[PDB]
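Okay, so here's just one chain, in structure tokens, the form deposited in one PDB entry.
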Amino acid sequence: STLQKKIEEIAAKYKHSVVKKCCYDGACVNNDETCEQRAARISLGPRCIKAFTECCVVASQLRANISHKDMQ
């Protein structure tokens, strides 16, 4: 039950490779801005973006240590 793993586990539920890369990218932690802001600078397609934003949100909450239960 290691973060890397857990995100690996969220990731794995995306089939397409290019989308999967997106989610790993959103996980990777940015310091000075939010999943939201970070997503604007991006010019990729709709699937990517939804994946990248969702991955970033989950990872941040996981960092928050909220139970999947308490997880939106």
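So that there is no doubt, residue numbering starts at 1 and follows the sequence shown. In this text, rigid core is short for the largest set of C-alphas that superpose within 1.5 Å between two forms.
Mean CA temperature factor is higher for 8-16 when stretches 51-59 and 8-16 are set side by side in the entry. Mean C-alpha B-factor is higher over 60-68 than over the other stretch, the pair under comparison being 21-29 and 60-68.
Beyond the structure shown, there is the form deposited in another entry, which is absent from this document and is the topic of what follows.
With the core held fixed, the Cα of residue 10 is displaced between the shown form and the other one by 2 Å or more.
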